[PDB]
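Okay, here we've got a single chain as structure tokens, the form solved without its partner chain, with questions on binding and movement later.
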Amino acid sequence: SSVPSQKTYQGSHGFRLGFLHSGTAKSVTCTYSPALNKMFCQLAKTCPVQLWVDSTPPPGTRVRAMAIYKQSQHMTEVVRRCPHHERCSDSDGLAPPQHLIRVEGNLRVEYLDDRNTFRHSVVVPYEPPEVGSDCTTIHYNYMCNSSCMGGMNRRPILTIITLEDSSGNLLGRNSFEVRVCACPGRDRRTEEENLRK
């Protein structure tokens, strides 16, 4: 399949992502590394991602998340769940069983299997922040480990978050690497220690 662009594009609304401050305790379930621009998370656990805008986009704006393989040799392959997890019957009633990325706690979620590129993505309406908040948080879940055989096969992925109009035109784009693993805290610490040493 054709490779969706990963180029950062803040756009006219100044679209940026934010992440909670987490540490590297071995018990942590999701932890973001600013140095690596990389989220480390466990399978099927909440991954909060904050949407920040400098100006409010118009009604009908949407927020799409899509995984792509980070390495050039794998970029043209659609990111999918492994057959074992696809068949394990763990859906929430809406997410197709093959989709890696789910959204939890959103009544207006839509799951797309692109009719032409076969890529999967998950989209929700953009909602402005509520009273007292400065950003909007989406709760993602990743439904396979990076190591799953027949799925990610130990290959790193990026998540691309796009702000789009109702018709799919690009308003903004950001991305971050993801590792889905048993012990995100240890893996983040190891990768950061390797980076800094």
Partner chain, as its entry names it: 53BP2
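Numbering follows the first chain given and starts at 1.
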item: Stretch with the greater mean C-alpha B-factor as recorded in the entry, comparing 7-15 against 185-193; value: 7-15
item: Given 150-158 and 52-60, the range whose Cα B-factors average higher in the PDB entry; value: 52-60
item: Maximum C-alpha temperature factor, selected from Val131, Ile68, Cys144, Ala35; value: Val131
item: Peak C-alpha temperature factor (PDB record), options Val78, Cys82, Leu100, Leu94; value: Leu94
item: CA B-factor placement of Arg115, once the chain's modelled residues are sorted into thirds; value: highest
item: CA B-factor ranking of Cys30, expressed as a third of its chain; value: middle
item: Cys135 by Cα B-factor - lowest, middle or highest third of the modelled chain; value: highest
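What follows is about the form deposited with its partner chain bound, which we do not show.
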{"query": "4.5 Å heavy atom contact, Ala65 to its partner chain in the deposited complex", "finding": "no"}
{"query": "Contact set, 143-172 vs its partner chain in the deposited complex - heavy atom within 4.5 angstroms", "finding": "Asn145, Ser147, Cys148, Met149, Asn153, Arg154, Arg155"}
